[PDB]
Structures are given as C-alpha cells and as structure tokens.
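*Asks:* Submitted below is the structure of interest, expressed as structure tokens.
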Amino acid sequence: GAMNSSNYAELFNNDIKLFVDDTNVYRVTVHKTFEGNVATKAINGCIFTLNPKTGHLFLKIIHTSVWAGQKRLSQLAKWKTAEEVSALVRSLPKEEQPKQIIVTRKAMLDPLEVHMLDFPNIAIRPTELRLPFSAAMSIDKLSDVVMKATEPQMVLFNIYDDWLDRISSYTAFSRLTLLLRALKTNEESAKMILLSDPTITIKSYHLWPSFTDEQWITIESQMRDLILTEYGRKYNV
Amino acid sequence: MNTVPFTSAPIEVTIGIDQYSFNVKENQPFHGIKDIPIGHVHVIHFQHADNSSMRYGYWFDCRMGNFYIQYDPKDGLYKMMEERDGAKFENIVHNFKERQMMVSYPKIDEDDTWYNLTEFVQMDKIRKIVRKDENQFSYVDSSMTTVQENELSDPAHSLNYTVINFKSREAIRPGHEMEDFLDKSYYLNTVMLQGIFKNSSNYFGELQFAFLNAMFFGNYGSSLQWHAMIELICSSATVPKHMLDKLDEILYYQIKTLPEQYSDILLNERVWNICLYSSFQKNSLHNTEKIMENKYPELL
C-alpha cells in the first residue's frame, strides 16, 4: 500500500526499491509573445529515479525534442516517465530489478502500472510523505548535466557520495531529504550554507562537499534552522 | 401465451415474474403464472417472507420446454423443473386455469419495458454464463460471485461473465500503452466486439443480463460487470453509430426501471459522471443523460 511515517524503515531493508519522481520531467519557461499572448518554451528535464538504500541515482535526461509536435504535454510527461522507468527496469539484470517502485505523485500510478504490465510482481505504490525530490535541480551538478544535454541521455550518480562508508542508509536518506528540503524552501540560503567555506571542496566524482563528520553536524543544524525560519515567515507564527 | 404452474406454495414468499411481483401467503392456493408472452426470456424470482436475504430466481424461455415451480422442503426453496410429459403438463395447466388458481402475467399492451430490457438477451448465452447444462433454465441468486471476483471459489456456482480489465495485457497493446489506455477503441472493437462477442448484439445481451441480475437479485458482481461494459463503450473514441444510439435506448430503460430507492448501491458514481460528462461519448447519450439528471441529480 501507500508509503508513510509508519512503514518508513522499510526503505532501508534488503528488498530492492526505487523512488520515481516526475516533477522535473516537463519544464517550461512562460513568456509573452509579440502579440501579447502567453507562450511556454520547454527546457530539458529529468526523471529522478533513486534507490534510497544504495544511493544509486538513475538520472534520465528528457530532451526538449521529446515534446516536438505533441499535445497535452503535462499528461504525456507522465506516460514518458512511465515508459522510461519501465525501459530502465527492462535494462537491468533480473537480480537487480526492484521489487517495488514508489511514485512520489499519485498521478504516476496508472501510467507506470500500465507500463509495468510485463512485471506483475513489481508492486507500484503511492506515498503520503512530502518528499523534496523536486529540488534535485538545485544540485548544481545535476542541473548542469541536464541543461547541457543535446539528446536523450541517462546519467548515473550516487546521490550519497561516499557517506555510506560511514553512516547508514537511514541516516544518509535523512541527510539527503534534509538538504533537499532546505534547497526547496530557500535555495539561495541553502546553497550559501553549503559553500560559505571555500576550503571544503566537492570532489569531481561527488555531488556535495567533503565535510568531516563534525562539519556535517553543523551543516545539518544550519539547514534545520533555515527550514524552521522559513516556516514562521510563511505562516507568521 | 405460455404457463408456468406451481405445485403448491407452502411458505410465505414474494414471487416476481419479470418486473412484476406478488405476495403469496403460507399455503395460499397459488398454482402458477399464465399468459406469459412468448418470444423473450423471462425470470421468475423469490424472496421468502422470513429471509429478506438471498433473493433467487430462474431465467427461462417457454419455447425451450414446459417448466414448473415446486417447493423443496429439504433445500428450502422454490425449484424450477421441467416436465417432459407434454400431455401430463397441459393437463395440470388446464385444470389449474379451470379452477382459476393462476395469476395472469400483467402486461399492459402499450408497454415495451420488458422488451426494451431484454432486446438482446438470448437464453443460449445465459446458459453459457450460468453453466448448468442439465437444465434448460438458469438459477441466479443474491450471493453468486463472478469469475473475475473469484480470481481476486466454487466454479459450479460462478457467473462466467466476460472478464473486462482496463489494466491488462489484453486491453493494452505493447507500444500503445498511453493511447490504448486513454482510448479503449481497440479493446472494444477488436478484442471484445470482433474477438470475443463477435457482434454488438451479444455484447449488449450480456450487458442487459448483467443489469437485470443486479436489479433483481442485488448481485454485486453483475452490477460491477454492467458498469464495466458501459465504461468500455463510453471510453472508446470510435464506436459504431448504431451502437451508440442503441446504448442510449438500453440504458434509458434500465435507469427508468430501477427502483428509486436503490440508486445508491446499483449506480457507480464514478462511472456515470465519467460516461455522461467526461468521456468521448458524453454527447451521445442524450436520453440517458436527461433521465439521469431529472431522477438522480444527487448522484451527479
């Protein structure tokens, strides 16, 4: 059934599963035309497919050309996400195919389910969590590789860098969601926090700075304080 | 005109014949129903005074034989049976008429209701849904489950309706995932019409039979099946013009005939708002739409 706070640790057990988030699959800018009408221009997008246990990220880049001559693009985007997730699964050896796929938006259930008809033992589930995966394009290296692409392209990352060498999946995922949540609520501040100190660098094969254990504690506290501040501002509390 | 005599009526029961029904009192001298119009199927059904649960009944066609009702006190219910002795049967019938112990099938001559509800229903098709090939009539009751329900126990008692499922390999061509799921025309016309039902009349026959089983026995699987077959049509962008117009007529007399008080369990809110207002065929059910609004605006 649905994923929520009660069954949260199931994400870190040894059943293979993937989160699919489609929020950055169809991306537009909105502008005015010479005649004064509004028009959209699409830009490159991405399906965010993540194994929360291992950190393996399957970044499928959605080139604008996919939309050419198509209608009801926001509807199509759900089916293109499902078509690309299913092809991903088909591409993996049997022992690596997920037992569950958790969609971060319920509108994805019917498209994926129809595309996974060939995999009846792969359970497609919704979730009640309010995961911040839309902020994935706030990670500079992910946004860069999306925006630069000239064709459909899959790019593989470990979204946890090397954290698992020292912390558990559970803790890794809580760091990831906390960082992304901060980036979502106030990108400019969040990014300031991460990079203030030029002496802490991002390895070329990594997405996030190489903080020491102590420095992650300070970071995480700074990210928490950010999120709470923005809340009082939002609601006047 | 044909007759279905009854040996006796030992227990207080409400008896139905098609859309008509009569209360019969414990050991009241009731001995059958006469003047039953030849040419369509019929259904005679029962609800004991003591057990307002399990409505049951028998689908039959008088052309296929002489049929009578007899209470079985072991099994506790009115059983339809066939008399093979033609002479012995006209004898029982004529004597009961003589003594005038029979109700007349109460058809007003202006009334095409039963024809409009059973236009495409064939006794041969019914007996393939209710497989029991040692009888020429078919038993149905409140509790009987459908083959599709059983998949998600006893097959001898199963309603073998055609399985429709929008999220199945059958319904969805590889490569046309999105297309086929948003526009079921290929499931309807190629898979179901051309493939399985062979023509629109058998399709419509199963649709009507399903509806009647829901109305008369509150059979929930039949209600599910009726809605499914409506949805399949309404969710197809490409339907023969003759099917659309006939569907409007079919549904009109179904909505017309339904007891006002049962609209809550027998009408699936999603399916109807989808068919009447969202689907491809929204504009193609004018009579059905008009009668639904004037009689059940709440559901909508």
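To be explicit about the labels: the chains of the structure tokens are called A, B, and onward in the order shown, and within each one the residues are counted from 1, while ligands get numbers from 1 in the order they are shown.
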Enumerate the residues of chain A with a DSSP assignment of strand (DSSP E), computed from the backbone, and present them as a PDB file with N, CA and C atoms, in the first residue's frame.
*Replies:*
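File produced: states-v9.pdb:
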```
ATOM      1  N   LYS A  17      14.189  -1.418  -3.987  1.00  0.00           N
ATOM      2  CA  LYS A  17      13.126  -0.496  -4.388  1.00  0.00           C
ATOM      3  C   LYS A  17      13.660   0.810  -4.940  1.00  0.00           C
ATOM      4  N   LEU A  18      12.775   1.510  -5.664  1.00  0.00           N
ATOM      5  CA  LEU A  18      13.128   2.784  -6.260  1.00  0.00           C
ATOM      6  C   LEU A  18      12.014   3.765  -6.074  1.00  0.00           C
ATOM      7  N   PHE A  19      12.428   4.976  -5.770  1.00  0.00           N
ATOM      8  CA  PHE A  19      11.580   6.138  -5.845  1.00  0.00           C
ATOM      9  C   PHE A  19      11.618   6.690  -7.300  1.00  0.00           C
ATOM     10  N   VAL A  20      10.437   7.055  -7.819  1.00  0.00           N
ATOM     11  CA  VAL A  20      10.374   7.753  -9.136  1.00  0.00           C
ATOM     12  C   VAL A  20       9.712   9.076  -8.878  1.00  0.00           C
ATOM     13  N   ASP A  21      10.402  10.157  -9.206  1.00  0.00           N
ATOM     14  CA  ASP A  21       9.821  11.476  -9.083  1.00  0.00           C
ATOM     15  C   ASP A  21       9.861  12.161 -10.440  1.00  0.00           C
ATOM     16  N   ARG A  27       9.522  20.749 -18.091  1.00  0.00           N
ATOM     17  CA  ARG A  27       9.874  22.041 -17.518  1.00  0.00           C
ATOM     18  C   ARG A  27       9.704  23.114 -18.578  1.00  0.00           C
ATOM     19  N   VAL A  28       9.033  24.204 -18.238  1.00  0.00           N
ATOM     20  CA  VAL A  28       8.866  25.269 -19.212  1.00  0.00           C
ATOM     21  C   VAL A  28       9.323  26.570 -18.576  1.00  0.00           C
ATOM     22  N   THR A  29       9.626  27.545 -19.435  1.00  0.00           N
ATOM     23  CA  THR A  29       9.527  28.957 -19.093  1.00  0.00           C
ATOM     24  C   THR A  29       8.238  29.517 -19.703  1.00  0.00           C
ATOM     25  N   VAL A  30       7.650  30.514 -19.053  1.00  0.00           N
ATOM     26  CA  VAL A  30       6.452  31.169 -19.558  1.00  0.00           C
ATOM     27  C   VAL A  30       6.811  32.603 -19.921  1.00  0.00           C
ATOM     28  N   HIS A  31       6.457  33.013 -21.138  1.00  0.00           N
ATOM     29  CA  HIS A  31       6.823  34.317 -21.650  1.00  0.00           C
ATOM     30  C   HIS A  31       5.667  34.923 -22.440  1.00  0.00           C
ATOM     31  N   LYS A  32       5.820  36.191 -22.812  1.00  0.00           N
ATOM     32  CA  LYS A  32       4.835  36.883 -23.627  1.00  0.00           C
ATOM     33  C   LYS A  32       5.256  36.915 -25.100  1.00  0.00           C
ATOM     34  N   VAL A  38       0.440  34.708 -24.139  1.00  0.00           N
ATOM     35  CA  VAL A  38       1.413  33.929 -23.389  1.00  0.00           C
ATOM     36  C   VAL A  38       1.710  32.650 -24.158  1.00  0.00           C
ATOM     37  N   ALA A  39       2.972  32.235 -24.087  1.00  0.00           N
ATOM     38  CA  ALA A  39       3.527  31.039 -24.700  1.00  0.00           C
ATOM     39  C   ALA A  39       4.489  30.437 -23.675  1.00  0.00           C
ATOM     40  N   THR A  40       4.660  29.124 -23.736  1.00  0.00           N
ATOM     41  CA  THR A  40       5.648  28.378 -22.979  1.00  0.00           C
ATOM     42  C   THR A  40       6.799  28.027 -23.901  1.00  0.00           C
ATOM     43  N   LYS A  41       8.005  27.991 -23.362  1.00  0.00           N
ATOM     44  CA  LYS A  41       9.130  27.336 -24.017  1.00  0.00           C
ATOM     45  C   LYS A  41       9.650  26.221 -23.116  1.00  0.00           C
ATOM     46  N   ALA A  42       9.697  24.998 -23.614  1.00  0.00           N
ATOM     47  CA  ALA A  42      10.198  23.905 -22.805  1.00  0.00           C
ATOM     48  C   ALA A  42      11.704  23.970 -22.687  1.00  0.00           C
ATOM     49  N   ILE A  43      12.219  23.482 -21.556  1.00  0.00           N
ATOM     50  CA  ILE A  43      13.650  23.226 -21.389  1.00  0.00           C
ATOM     51  C   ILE A  43      13.900  21.768 -20.985  1.00  0.00           C
ATOM     52  N   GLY A  45      14.543  18.326 -19.184  1.00  0.00           N
ATOM     53  CA  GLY A  45      14.047  17.871 -17.895  1.00  0.00           C
ATOM     54  C   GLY A  45      14.760  16.610 -17.503  1.00  0.00           C
ATOM     55  N   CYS A  46      14.247  15.928 -16.454  1.00  0.00           N
ATOM     56  CA  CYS A  46      14.883  14.743 -15.892  1.00  0.00           C
ATOM     57  C   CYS A  46      13.858  13.943 -15.078  1.00  0.00           C
ATOM     58  N   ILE A  47      13.946  12.626 -15.217  1.00  0.00           N
ATOM     59  CA  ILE A  47      13.279  11.710 -14.289  1.00  0.00           C
ATOM     60  C   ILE A  47      14.318  11.435 -13.217  1.00  0.00           C
ATOM     61  N   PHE A  48      13.873  11.430 -11.953  1.00  0.00           N
ATOM     62  CA  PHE A  48      14.699  11.256 -10.762  1.00  0.00           C
ATOM     63  C   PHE A  48      14.259   9.898 -10.259  1.00  0.00           C
ATOM     64  N   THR A  49      15.098   8.908 -10.532  1.00  0.00           N
ATOM     65  CA  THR A  49      14.916   7.528 -10.113  1.00  0.00           C
ATOM     66  C   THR A  49      16.079   7.142  -9.172  1.00  0.00           C
ATOM     67  N   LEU A  50      15.681   6.891  -7.893  1.00  0.00           N
ATOM     68  CA  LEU A  50      16.658   6.743  -6.795  1.00  0.00           C
ATOM     69  C   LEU A  50      16.417   5.514  -5.947  1.00  0.00           C
ATOM     70  N   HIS A  56      22.105   4.849  -5.431  1.00  0.00           N
ATOM     71  CA  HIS A  56      22.236   4.853  -6.884  1.00  0.00           C
ATOM     72  C   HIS A  56      21.111   5.647  -7.460  1.00  0.00           C
ATOM     73  N   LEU A  57      21.500   6.695  -8.159  1.00  0.00           N
ATOM     74  CA  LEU A  57      20.583   7.566  -8.852  1.00  0.00           C
ATOM     75  C   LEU A  57      20.676   7.300 -10.367  1.00  0.00           C
ATOM     76  N   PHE A  58      19.518   7.214 -11.021  1.00  0.00           N
ATOM     77  CA  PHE A  58      19.324   6.877 -12.441  1.00  0.00           C
ATOM     78  C   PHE A  58      18.658   8.136 -12.963  1.00  0.00           C
ATOM     79  N   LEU A  59      19.489   9.071 -13.374  1.00  0.00           N
ATOM     80  CA  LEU A  59      19.046  10.378 -13.873  1.00  0.00           C
ATOM     81  C   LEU A  59      18.809  10.260 -15.353  1.00  0.00           C
ATOM     82  N   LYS A  60      17.558  10.105 -15.790  1.00  0.00           N
ATOM     83  CA  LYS A  60      17.230  10.020 -17.225  1.00  0.00           C
ATOM     84  C   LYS A  60      16.889  11.420 -17.738  1.00  0.00           C
ATOM     85  N   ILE A  61      17.685  11.921 -18.629  1.00  0.00           N
ATOM     86  CA  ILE A  61      17.509  13.293 -19.068  1.00  0.00           C
ATOM     87  C   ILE A  61      16.484  13.333 -20.202  1.00  0.00           C
ATOM     88  N   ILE A  62      15.550  14.276 -20.124  1.00  0.00           N
ATOM     89  CA  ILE A  62      14.419  14.363 -21.037  1.00  0.00           C
ATOM     90  C   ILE A  62      14.696  15.578 -21.907  1.00  0.00           C
ATOM     91  N   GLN A 100       9.738  -3.160  -5.698  1.00  0.00           N
ATOM     92  CA  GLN A 100       8.746  -2.120  -5.530  1.00  0.00           C
ATOM     93  C   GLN A 100       9.240  -0.870  -6.225  1.00  0.00           C
ATOM     94  N   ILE A 101       8.300  -0.114  -6.751  1.00  0.00           N
ATOM     95  CA  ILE A 101       8.574   1.218  -7.256  1.00  0.00           C
ATOM     96  C   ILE A 101       7.589   2.173  -6.592  1.00  0.00           C
ATOM     97  N   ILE A 102       8.113   3.195  -5.907  1.00  0.00           N
ATOM     98  CA  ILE A 102       7.299   4.138  -5.147  1.00  0.00           C
ATOM     99  C   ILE A 102       7.267   5.482  -5.886  1.00  0.00           C
ATOM    100  N   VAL A 103       6.044   5.938  -6.318  1.00  0.00           N
ATOM    101  CA  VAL A 103       5.948   7.151  -7.122  1.00  0.00           C
ATOM    102  C   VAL A 103       5.677   8.286  -6.185  1.00  0.00           C
ATOM    103  N   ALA A 123       5.625  -4.229  -7.407  1.00  0.00           N
ATOM    104  CA  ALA A 123       4.500  -3.507  -6.857  1.00  0.00           C
ATOM    105  C   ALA A 123       4.713  -2.026  -7.038  1.00  0.00           C
ATOM    106  N   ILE A 124       3.701  -1.353  -7.556  1.00  0.00           N
ATOM    107  CA  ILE A 124       3.743   0.087  -7.760  1.00  0.00           C
ATOM    108  C   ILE A 124       2.983   0.721  -6.612  1.00  0.00           C
ATOM    109  N   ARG A 125       3.620   1.636  -5.855  1.00  0.00           N
ATOM    110  CA  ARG A 125       2.976   2.195  -4.687  1.00  0.00           C
ATOM    111  C   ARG A 125       2.972   3.720  -4.680  1.00  0.00           C
ATOM    112  N   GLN A 153      19.582  11.053 -22.689  1.00  0.00           N
ATOM    113  CA  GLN A 153      20.844  10.570 -22.127  1.00  0.00           C
ATOM    114  C   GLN A 153      20.524  10.112 -20.710  1.00  0.00           C
ATOM    115  N   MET A 154      21.025   8.959 -20.298  1.00  0.00           N
ATOM    116  CA  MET A 154      20.921   8.514 -18.916  1.00  0.00           C
ATOM    117  C   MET A 154      22.240   8.799 -18.229  1.00  0.00           C
ATOM    118  N   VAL A 155      22.191   9.395 -17.055  1.00  0.00           N
ATOM    119  CA  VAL A 155      23.401   9.655 -16.293  1.00  0.00           C
ATOM    120  C   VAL A 155      23.272   9.087 -14.892  1.00  0.00           C
ATOM    121  N   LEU A 156      24.290   8.340 -14.474  1.00  0.00           N
ATOM    122  CA  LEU A 156      24.265   7.611 -13.211  1.00  0.00           C
ATOM    123  C   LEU A 156      25.080   8.360 -12.177  1.00  0.00           C
ATOM    124  N   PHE A 157      24.528   8.516 -10.978  1.00  0.00           N
ATOM    125  CA  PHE A 157      25.234   9.146  -9.878  1.00  0.00           C
ATOM    126  C   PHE A 157      25.022   8.320  -8.616  1.00  0.00           C
ATOM    127  N   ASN A 158      25.867   8.500  -7.614  1.00  0.00           N
ATOM    128  CA  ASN A 158      25.500   8.096  -6.240  1.00  0.00           C
ATOM    129  C   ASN A 158      25.145   9.362  -5.495  1.00  0.00           C
TER     130      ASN A 158
END
```
*Asks:* Show me, as a Markdown table, the residues of chain A having an atom within 7 Å of chain B, each with the closest atom pair and its distance in Å, using only C-alpha atoms.
*Replies:*
```
| residue | atom | partner | partner_atom | distance |
| --- | --- | --- | --- | --- |
| A:79 | CA | B:178 | CA | 6.4 |
| A:114 | CA | B:167 | CA | 5.9 |
| A:115 | CA | B:177 | CA | 6.5 |
| A:117 | CA | B:169 | CA | 6.6 |
```
*Asks:* Taking the chain letters and numbering used in this document, name the residues of region 42-210 of chain B that DSSP puts in alpha helix (DSSP H), as a PyMOL selection string.
*Replies:* chain B and resi 86-98+113-118+123-129+147-151+177-182+185+200-210
*Asks:* Which residues are close to residue 125 (chain B), i.e. within 12 Å by only C-alpha atoms, leaving aside same-chain residues fewer than 4 positions away? Reply as a PyMOL selection string.
*Replies:* chain B and resi 41+59-60+120-121+129-131+136-138+159-162+197+201-210
*Asks:* Generate a file of the selected residues that holds N, CA, C and O atoms, formatted as a tab-separated table (two decimals), in the first residue's frame.
*Replies:*
```
chain	number	residue	atom	x	y	z
B	41	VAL	N	-36.95	-13.93	-23.21
B	41	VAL	CA	-36.59	-14.63	-21.97
B	41	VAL	C	-37.51	-14.10	-20.89
B	41	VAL	O	-38.20	-13.07	-21.07
B	59	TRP	N	-34.08	-17.98	-14.82
B	59	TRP	CA	-34.20	-17.45	-16.17
B	59	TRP	C	-34.71	-18.56	-17.04
B	59	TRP	O	-34.13	-19.65	-17.06
B	60	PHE	N	-35.71	-18.25	-17.90
B	60	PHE	CA	-36.18	-19.33	-18.75
B	60	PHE	C	-36.77	-18.74	-20.00
B	60	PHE	O	-37.10	-17.56	-20.07
B	120	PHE	N	-31.64	-7.83	-26.43
B	120	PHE	CA	-30.53	-8.62	-26.94
B	120	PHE	C	-30.24	-9.82	-26.05
B	120	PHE	O	-29.24	-10.49	-26.26
B	121	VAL	N	-31.11	-10.15	-25.11
B	121	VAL	CA	-30.82	-11.27	-24.22
B	121	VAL	C	-31.35	-12.56	-24.82
B	121	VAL	O	-32.54	-12.66	-25.15
B	129	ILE	N	-23.22	-18.29	-19.42
B	129	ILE	CA	-22.77	-17.56	-18.25
B	129	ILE	C	-23.07	-18.33	-16.97
B	129	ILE	O	-22.28	-18.29	-16.03
B	130	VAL	N	-24.22	-19.01	-16.94
B	130	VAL	CA	-24.65	-19.85	-15.83
B	130	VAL	C	-24.56	-21.28	-16.32
B	130	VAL	O	-25.57	-21.87	-16.73
B	131	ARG	N	-23.37	-21.85	-16.31
B	131	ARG	CA	-23.19	-23.20	-16.81
B	131	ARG	C	-23.84	-24.19	-15.86
B	131	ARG	O	-23.43	-24.32	-14.71
B	136	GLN	N	-32.55	-26.51	-18.73
B	136	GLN	CA	-32.77	-25.56	-19.82
B	136	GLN	C	-33.02	-24.15	-19.32
B	136	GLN	O	-33.05	-23.23	-20.14
B	137	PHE	N	-33.20	-23.97	-18.01
B	137	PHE	CA	-33.43	-22.71	-17.32
B	137	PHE	C	-32.20	-22.45	-16.43
B	137	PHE	O	-31.47	-23.38	-16.06
B	138	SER	N	-31.98	-21.20	-16.01
B	138	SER	CA	-30.79	-20.95	-15.17
B	138	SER	C	-31.06	-20.35	-13.80
B	138	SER	O	-31.74	-19.34	-13.70
B	159	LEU	N	-20.85	-16.97	-12.04
B	159	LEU	CA	-21.35	-16.20	-13.18
B	159	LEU	C	-20.16	-15.95	-14.11
B	159	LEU	O	-19.27	-15.14	-13.81
B	160	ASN	N	-20.14	-16.65	-15.25
B	160	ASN	CA	-18.99	-16.68	-16.15
B	160	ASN	C	-19.10	-15.54	-17.16
B	160	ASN	O	-19.00	-15.70	-18.38
B	161	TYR	N	-19.27	-14.34	-16.62
B	161	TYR	CA	-19.26	-13.14	-17.45
B	161	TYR	C	-17.89	-12.98	-18.11
B	161	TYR	O	-16.89	-13.51	-17.64
B	162	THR	N	-17.86	-12.19	-19.18
B	162	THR	CA	-16.61	-11.91	-19.87
B	162	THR	C	-15.76	-10.97	-19.02
B	162	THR	O	-16.23	-9.96	-18.48
B	197	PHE	N	-17.10	-11.31	-28.45
B	197	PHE	CA	-18.55	-11.29	-28.57
B	197	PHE	C	-19.03	-11.54	-30.00
B	197	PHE	O	-20.17	-11.99	-30.18
B	201	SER	N	-24.66	-7.40	-30.68
B	201	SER	CA	-25.88	-7.81	-30.00
B	201	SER	C	-25.60	-8.73	-28.82
B	201	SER	O	-26.20	-8.57	-27.75
B	202	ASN	N	-24.70	-9.70	-28.98
B	202	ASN	CA	-24.25	-10.46	-27.83
B	202	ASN	C	-23.64	-9.57	-26.77
B	202	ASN	O	-23.83	-9.79	-25.57
B	203	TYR	N	-22.84	-8.59	-27.17
B	203	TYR	CA	-22.27	-7.69	-26.17
B	203	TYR	C	-23.40	-7.04	-25.40
B	203	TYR	O	-23.53	-7.19	-24.19
B	204	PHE	N	-24.29	-6.37	-26.10
B	204	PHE	CA	-25.47	-5.81	-25.45
B	204	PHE	C	-26.31	-6.80	-24.67
B	204	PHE	O	-26.92	-6.40	-23.68
B	205	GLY	N	-26.37	-8.07	-25.11
B	205	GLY	CA	-27.08	-9.09	-24.35
B	205	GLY	C	-26.47	-9.32	-22.98
B	205	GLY	O	-27.18	-9.27	-21.98
B	206	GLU	N	-25.15	-9.44	-22.92
B	206	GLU	CA	-24.51	-9.68	-21.63
B	206	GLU	C	-24.67	-8.47	-20.74
B	206	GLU	O	-25.04	-8.60	-19.57
B	207	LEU	N	-24.41	-7.28	-21.27
B	207	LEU	CA	-24.75	-6.03	-20.60
B	207	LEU	C	-26.16	-6.01	-20.03
B	207	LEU	O	-26.34	-5.60	-18.89
B	208	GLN	N	-27.20	-6.39	-20.80
B	208	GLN	CA	-28.51	-6.31	-20.20
B	208	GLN	C	-28.70	-7.39	-19.15
B	208	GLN	O	-29.47	-7.22	-18.20
B	209	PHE	N	-28.17	-8.58	-19.40
B	209	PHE	CA	-28.37	-9.66	-18.46
B	209	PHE	C	-27.72	-9.31	-17.11
B	209	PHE	O	-28.28	-9.57	-16.04
B	210	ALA	N	-26.52	-8.74	-17.19
B	210	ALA	CA	-25.82	-8.27	-16.00
B	210	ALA	C	-26.67	-7.30	-15.22
B	210	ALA	O	-26.92	-7.50	-14.03
```
*Asks:* Residue 81 (chain A): which residues within 8 Å, counting only C-alpha atoms, same-chain residues fewer than 6 positions away excluded, as a ChimeraX atom specification?
*Replies:* /A:22,25,47,112
*Asks:* Please list as a list in words every residue within 10 Å of residue 66 (chain A), counting only C-alpha atoms and excluding residues in the same chain fewer than 6 positions away.
*Replies:*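 With the cut-off at 10 Å, the set is residues 26, 44, 73, 76, 77, 80, 151 and 152 of chain A.
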*Asks:* Work out how far apart CA of residue 214 (chain B) and CA of residue 69 (chain B) are and give it in Å to one decimal.
*Replies:*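 The value is 22.6 Å.
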*Asks:* Quick one, how far is CA of residue 178 (chain A) from CA of residue 53 (chain A)?
*Replies:*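 Atom-to-atom, CA of residue 178 (chain A) to CA of residue 53 (chain A), that is 16.1 Å.
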*Asks:* Calculated over only C-alpha atoms, which of the candidates B:92, B:102, B:49, B:188 has the smallest distance to residue 34 (chain B)?
*Replies:*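 Looking at the shortest contact to residue 34 (chain B), the residue is B:102.
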